[PDB]
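Data first, discussion second: the structure below is written as structure tokens.
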Amino acid sequence: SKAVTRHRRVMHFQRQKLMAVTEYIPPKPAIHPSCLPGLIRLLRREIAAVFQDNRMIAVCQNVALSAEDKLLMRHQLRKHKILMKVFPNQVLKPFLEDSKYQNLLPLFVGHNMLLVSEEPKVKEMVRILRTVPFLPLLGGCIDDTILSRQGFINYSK
Amino acid sequence: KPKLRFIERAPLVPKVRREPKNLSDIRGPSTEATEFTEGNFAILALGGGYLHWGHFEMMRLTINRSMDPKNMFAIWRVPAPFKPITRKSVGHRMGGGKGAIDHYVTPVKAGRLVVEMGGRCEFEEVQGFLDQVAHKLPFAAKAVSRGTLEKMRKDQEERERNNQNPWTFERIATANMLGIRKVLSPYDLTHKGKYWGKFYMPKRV
Amino acid sequence: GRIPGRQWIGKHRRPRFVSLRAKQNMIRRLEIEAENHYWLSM
Amino acid sequence: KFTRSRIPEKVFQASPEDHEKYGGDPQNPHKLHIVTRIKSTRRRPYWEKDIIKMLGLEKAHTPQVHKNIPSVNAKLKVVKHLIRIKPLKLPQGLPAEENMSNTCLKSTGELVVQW
RNA sequence: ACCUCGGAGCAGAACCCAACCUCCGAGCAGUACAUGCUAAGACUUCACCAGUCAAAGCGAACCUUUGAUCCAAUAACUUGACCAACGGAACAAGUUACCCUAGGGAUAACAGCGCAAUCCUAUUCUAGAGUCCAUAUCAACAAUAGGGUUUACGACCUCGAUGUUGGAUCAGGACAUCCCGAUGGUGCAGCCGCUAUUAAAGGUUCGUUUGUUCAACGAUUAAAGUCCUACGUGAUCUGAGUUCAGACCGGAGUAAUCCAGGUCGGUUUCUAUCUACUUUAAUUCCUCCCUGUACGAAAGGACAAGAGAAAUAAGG
RNA sequence: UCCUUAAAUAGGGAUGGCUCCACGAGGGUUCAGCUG
RNA sequence: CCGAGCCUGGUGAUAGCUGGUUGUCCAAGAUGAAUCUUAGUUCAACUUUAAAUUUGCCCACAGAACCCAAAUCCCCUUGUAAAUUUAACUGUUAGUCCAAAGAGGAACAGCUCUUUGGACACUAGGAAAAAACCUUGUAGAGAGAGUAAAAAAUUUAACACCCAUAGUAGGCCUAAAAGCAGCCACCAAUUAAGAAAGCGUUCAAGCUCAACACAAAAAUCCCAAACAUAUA
Ligand SMILES: [Mg+2]
Ligand SMILES: [Mg+2]
Ligand SMILES: [Mg+2]
Ligand SMILES: [Mg+2]
Ligand SMILES: [Mg+2]
Ligand SMILES: [Mg+2]
Ligand SMILES: [Mg+2]
Ligand SMILES: [Mg+2]
Ligand SMILES: [Mg+2]
Ligand SMILES: [Mg+2]
Ligand SMILES: [Mg+2]
Ligand SMILES: [Mg+2]
Ligand SMILES: [Mg+2]
Ligand SMILES: [Mg+2]
Ligand SMILES: [Mg+2]
Ligand SMILES: [Mg+2]
Ligand SMILES: [Mg+2]
Ligand SMILES: [Mg+2]
Ligand SMILES: [Mg+2]
Ligand SMILES: [Mg+2]
Ligand SMILES: [Mg+2]
Ligand SMILES: [Mg+2]
Ligand SMILES: [Zn+2]
């Protein structure tokens, strides 16, 4: 047989032993190391500005709605000056401590839909929510004064 | 011309004189076209072999069909079939001289780049069909980017430097330690035990 | 399960495998010869 | 083809690590080798067979004393894969004529003048 | 076709190195007529033969391949014929199956054994077809495995009584399944097919032509499977093809003779010493019931289960 | 291509060229019969 | 027992061919040229014996070509004891496998050639059995000991989850082809989103990318038995 063959030629046993003896031995990296011990900034600045722009804030869970129903809700909210927002908890949890909102930590988890405004049409918004028996109002904080749902109802009335 | 150029079966002017089957042109590391040239991806030959015109057609058709002509361009990094393989008749008793030319073929050594791609496109976009073509190829082949090529090379030096085995094929062969040169080839002193016939053992330091 | 032809000579041979014992024997010889190199270097 | 093997000179250039490992001082190197044949010359080239015969290592495991000089070292380099080389150590110096008949080569490589 | 000599590579660097190996060239000419004579020392085509180089010296002047011996011819010096099968018989061709002897497995054919080019099978890739539809189905270029069923190759066993092919008899085995069994998918509504997985317990027809294996044809079948077994099996049989001595046709050859061709004819021995062996719970099909019910627009047409008939196989 | 068979690699027919009377343990094919 | 009878003789024909070639013991002993030649022989090489006298092998430095690698040759030392020559001479001399460089074949062959080396045609141990791989050789007895080569290893495919407003079916040609037959731009709103990345529509319609958000099979019958963890 030729030195070059289509198949892998059988090595002389001495050559095979040489290869086995000179096989690569990886180092042991000591104790097992595993077992051992600009849209983001755009959102940052936008939310920083929004926290001052808004005077009254609220939040809901507008995820159970359809595309068309959500569009209609947005239209009814834009009839007024209120604006509906959403932003990651991933970046909002830092925002609460950034803006000094300690009581707001256990309010934003999951889908959260902010309702930033300066003029309360919450009476009519709650009336609209009434004919859709779901999507309950969630607590908010107007001008650094935390309001529960009962607070929002009293403020509306 | 952002397309892979057609390769002829045989040279227009053939070789009147038959030449011997110098398998050394397949044996050992490739010294030519081992580096990227005006491209980002390519097919690396992890072993030696002979590229027939059928392989050339397979490569050309597959790549031309499965690349974007405007963005992706391709270039052959291997000459056209130029070595005649004088395959004899379809049955005859041995002797009578040497055979006649029936096919033409281009040798390829390990570490040789076969086809080189380029243009505005990232590696994973091309990995699929380059890997299919590599598998189609007659020798071990691999779809390799510039980054992956440099990464595997640097890994090879890392292995060569960090192995805890006191005994390396280079040391033993060069020093003729156990009289192993009675079993090795003179080419083994330079192949360093990483090449056996036309096969290349990348895993082996 | 037979190997065609005669064993250990043809193109197709019995697969031979290296035992840990064989590896140790070869390594022992290599160590002896590394010492030989050192003592022949002076 | 199979031929004689030319060992590159860098093989026979000891490093400080080797000096520590084997315990030989490059300065004031040892004078005499103790060479034993530990491998058969069968299945080895005729030139290795001839070198073994020259060095007088026909019998295996029979220590032989040789000069640590370049020519003997060249032959020993040719047949280094068949032999074990250890320096000859002389704790009490070379034997005197009085005790020439009371020496013994310890397995450590020391020729002791008391036995 | 070649046979002698030489140049280049194989054979890279002292020399040396083959081949039916890859290429090339030569059988001398031109010149002069010291291109004379002698002679140290050397080389050498692995022997010899032969072939090379050459200082000094003498003498004139001021060169770059083919062949022996004998034998002839010439007064001699010298010269010749072939010896190209080119180490050269002085002069001798075809043919033999009417053949013979000595041998050869160191050397062919069947067979065995290697090998796997060829062949066959399976996967990967989708080009692609598949009305679109890669993947129900099929498939190019290729890649990777596996097998040892063809056609070849090798010359390793056997040439110190084994023809070969078919057929008969009896079959052992593989499964890569032809039927029967169980499943998945379907370009499966049902029936049907197509495809794949699993399954080797059982089964797997009779005829015409042809020596035929095959093949075509006829009629069947549940099906008429692919293979291995010295293309199983001639100390069990047969000898139809082919093979020996006879003879024609056609062809080659001066003829003798010959022929991968066509045809008519043509001896098949063995009393068994040894091994081995000589008594190890069926299958299918059809009819009927279910039922012309399911399914289906209709056409068509089931499952599963059961009964009755046969047939075969085995045992009586 | 026709006949022969269910099926037909069989058989028969569409000096030279023919004519086969008879014969044949010659070589083929066939009806009918006969039969282990 | 007639492709040329039989008997006797020549005749013990001849045979480069086959077969055979009989006491004990020791020792040395192995792979080119020409040839009607490749089944033989002669010369060489090798080999044996005896003899003469004197270097022989190994061998670093120095040295050995231009054209266009492994190594080799040569020899001061040195390790060694052999070499040359003289006389006489048979026999072997168209080998095998393994490693390596090549050639041919098919980068087949237990295939055919050349070269370097090894082994076999010689002992023993091992690789199952075993000419050619590995260990090892010089010979005897021992009911001692240390070792050499020397035992195969491996088991391998889950997967984010979400849901997708609208400028408009972006235009062009295209019966319309709107993202999808195709070019060209590839902007844009809410907080946030490619005028198309894949199915599917003559064209639409219906679904997913994201982002929102959180390996294997062959023919007589498998083939030691077994064993995962007691100290190196
Ligand atoms: Mg065998
Ligand atoms: Mg000579
Ligand atoms: Mg001649
Ligand atoms: Mg001649
Ligand atoms: Mg041979
Ligand atoms: Mg016999
Ligand atoms: Mg099966
Ligand atoms: Mg066969
Ligand atoms: Mg006959
Ligand atoms: Mg005849
Ligand atoms: Mg005939
Ligand atoms: Mg006949
Ligand atoms: Mg007769
Ligand atoms: Mg008989
Ligand atoms: Mg009988
Ligand atoms: Mg008949
Ligand atoms: Mg008569
Ligand atoms: Mg008579
Ligand atoms: Mg005689
Ligand atoms: Mg002897
Ligand atoms: Mg002659
Ligand atoms: Mg002869
Ligand atoms: Zn841990």
Side-chain angles (χ1 to χ4, degrees), chain A residues 1-7 12-15 17 39 43 46 63 67-68 70-71 74 78 83-90 109-114, chain B residues 16-24 26-27 50 52 54-55 57-59 61-62 65 85 87-88 90-99 132-133 135-138 181-187 189-190 197-198, chain C residues 1 4-12 14-22 25, chain D residues 1-6 38-47 50-51 53-56 60-61 66-67 69-72 74-75 78:
Chain A
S1 60
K2 298 259 192 301
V4 172
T5 62
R6 287 184 175 91
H7 65 97
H12 195 274
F13 188 47
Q14 294 299 110
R15 200 209 171 94
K17 283 194 293 172
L39 275 299
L43 294 169
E46 189 172 6
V63 71
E68 65 276 15
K70 191 181 289 294
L71 185 71
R74 170 79 172 175
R78 294 183 77 183
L83 269 299
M84 188 273 288
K85 317 281 189 177
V86 185
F87 287 97
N89 291 114
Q90 184 179 2
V109 56
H111 300 90
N112 54 0
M113 266 53 70
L114 297 175
Chain B
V16 298
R17 182 163 174 178
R18 283 82 60 86
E19 67 183 2
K21 51 164 74 67
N22 48 306
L23 304 165
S24 294
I26 297 306
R27 186 181 186 181
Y50 285 123
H52 296 242
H55 298 116
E57 289 315 298
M58 174 267 305
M59 282 191 276
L61 296 177
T62 52
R65 179 199 320 117
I85 47 168
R87 189 258 175 284
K88 272 191 167 171
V90 290
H92 274 81
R93 294 159 87 175
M94 303 202 314
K98 186 166 172 58
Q132 273 78 69
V133 167
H135 174 274
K136 291 272 194 169
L137 285 175
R181 292 191 65 175
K182 191 162 176 289
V183 178
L184 299 182
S185 176
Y187 289 135
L189 270 68
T190 61
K198 68 176 187 69
Chain C
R6 188 264 182 276
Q7 291 169 170
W8 305 125
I9 69 162
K11 158 152 68 165
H12 302 314
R14 285 187 70 237
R16 180 69 175 171
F17 307 108
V18 294
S19 54
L20 178 74
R21 184 169 49 179
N25 294 348
Chain D
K1 304 187 201 305
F2 183 50
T3 60
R4 284 81 172 275
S5 53
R6 286 179 29 85
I38 59 167
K39 195 72 168 60
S40 195
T41 61
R42 307 228 63 202
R43 306 164 191 282
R44 299 308 308 175
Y46 68 89
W47 58 83
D50 296 351
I51 294 288
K53 277 179 48 55
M54 293 160 187
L55 296 169
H61 316 296
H66 276 286
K67 298 158 153 171
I69 59 177
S71 49
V72 176
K75 287 190 182 64
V78 172

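Naming: A, B, ... by sequence-line order, numbering from 1 per chain. Reckoned from all heavy atoms, side chains included, excluding hydrogens, waters and symmetry mates.
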Could you please name the partner base of E:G190, counting Watson-Crick and G-U wobble pairs only when both distances are under 3.5 Å?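 No nucleotide pairs with E:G190.
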
Identified pairing partner of E:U101, criterion: Watson-Crick or G-U wobble below 3.5 Å: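 Its partner is none (no Watson-Crick or G-U wobble pair with both distances under 3.5 Å).
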
Using the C1'-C2'-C3'-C4' torsion, which pucker class fits [N]: north or south?
N: E:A13; value: south
N: E:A76; value: north
N: E:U268; value: south
N: G:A128; value: south

Between [options], spot the one nearest the side chain of [X], thanks.
X: D:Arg43; options: G:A119, G:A106, G:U78; answer: G:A119
X: A:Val86; options: G:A213, E:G12, G:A150; answer: G:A213
X: C:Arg21; options: G:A71, G:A103, G:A150; answer: G:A150
X: C:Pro4; options: E:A116, E:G114, G:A101; answer: E:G114
X: B:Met94; options: G:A149, G:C111, G:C73; answer: G:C111
X: B:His135; options: E:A143, G:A130, G:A100; answer: E:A143
X: B:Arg93; options: E:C153, E:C115, E:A143; answer: E:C153
X: B:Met58; options: G:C98, G:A107, E:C141; answer: E:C141
X: C:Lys11; options: G:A70, G:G110, G:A127; answer: G:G110
X: D:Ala60; options: G:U72, G:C58, G:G137; answer: G:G137

[N] vs [M]: Watson-Crick/wobble pairing, cut-off under 3.5 Å:
N: G:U190; M: G:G16; answer: no
N: E:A61; M: E:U208; answer: no
N: G:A189; M: G:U165; answer: yes
N: E:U186; M: E:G193; answer: yes
N: E:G59; M: E:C153; answer: no
N: E:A276; M: E:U226; answer: no
N: G:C120; M: G:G95; answer: yes
N: G:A64; M: G:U72; answer: yes

Please report the closest heavy-atom contact between [X] and [Y], naming both atoms and the distance.
X: D:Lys75; Y: D:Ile51; result: O-CG2, 3.5 Å
X: A:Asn112; Y: A:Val86; result: O-CG1, 3.2 Å
X: D:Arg6; Y: B:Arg181; result: N-NH1, 4.1 Å
X: C:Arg16; Y: C:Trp8; result: CB-CZ3, 3.7 Å

Please work out whether [N] sits syn or anti, treating a glycosidic angle within 90° of 0 as syn.
N: E:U236; result: anti
N: E:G103; result: anti
N: G:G146; result: anti
N: E:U74; result: anti
N: E:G234; result: syn

Please look at the side chain of D:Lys75 and say whether the paired-base atoms under 5.0 Å from it belong to the major or the minor groove.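 Answer is minor; other groove empty.
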
No-H, no-angle donor-acceptor pair, [X] side chain to [N] base, under 3.5 Å:
X: C:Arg16; N: G:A127; value: no
X: C:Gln7; N: G:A129; value: yes
X: D:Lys1; N: G:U115; value: yes
X: B:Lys136; N: E:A143; value: no
X: D:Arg42; N: G:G137; value: yes
X: A:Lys2; N: G:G104; value: yes

Can you tell whether [N] is stacked with [M], judging only by whether their six-membered base rings have centres under 5.5 Å apart and planes under 30 degrees?
N: E:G67; M: E:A68; answer: no
N: E:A174; M: E:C175; answer: yes
N: G:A224; M: G:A225; answer: yes
N: G:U48; M: G:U49; answer: yes
N: E:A108; M: E:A109; answer: yes

Greater than 12 external heavy atoms within 6.0 Å of B:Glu19's CD: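 Atom CD in B:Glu19 is crowded, with more than 12 foreign heavy atoms closer than 6.0 Å.
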
When you compare the side chain of B:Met58 with that of B:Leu137, does any pair of heavy atoms fall below 4.5 Å?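 Yes, close enough: below the 4.5 Å cut-off.
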
Output the rounded distance in Å from [atom1] ([X]) to [atom2] ([N]).
X: D:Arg44; N: G:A149; atom1: CZ; atom2: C1'; result: 15 Å
X: B:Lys182; N: G:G118; atom1: NZ; atom2: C1'; result: 4 Å
X: B:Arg65; N: E:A134; atom1: CZ; atom2: P; result: 13 Å
X: B:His92; N: E:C20; atom1: NE2; atom2: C1'; result: 14 Å
X: B:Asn22; N: E:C10; atom1: CG; atom2: P; result: 12 Å
X: A:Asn89; N: G:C162; atom1: CG; atom2: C1'; result: 15 Å
X: B:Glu19; N: E:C21; atom1: CD; atom2: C1'; result: 15 Å
X: A:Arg15; N: G:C98; atom1: CZ; atom2: P; result: 17 Å

Ignoring hydrogens and geometry, is there a side-chain-to-backbone donor-acceptor pair from [X] to [Y] under 3.5 Å?
X: B:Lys182; Y: D:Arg43; result: yes
X: D:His66; Y: D:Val72; result: no
X: B:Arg18; Y: B:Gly99; result: yes

For the base of G:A152 and the side-chain ring of C:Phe17, does the geometry meet a stacking cutoff of under 5.5 Å between centres and under 30° between planes?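 Stacked: centres under 5.5 Å apart, planes under 30°.
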
For A:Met113 and A:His7, take the nucleotide of RNA chain G holding the closest heavy atom to each; which residue's nucleotide lies nearer the 5' end?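 Closest to the 5' end, via its nearest nucleotide, is A:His7.
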
Report the residue (D:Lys67 or A:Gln90) whose heavy-atom-nearest nucleotide on RNA chain G is the more 5′ of the two.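 Residue closer to the 5' terminus by nearest nucleotide: D:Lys67.
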
Report which part of the nucleic acid [X] touches: base, sugar-phosphate, or nothing (heavy-atom distance under 4.0 Å, all strands).
X: A:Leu83; result: nothing
X: B:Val183; result: sugar-phosphate
X: A:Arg78; result: nothing

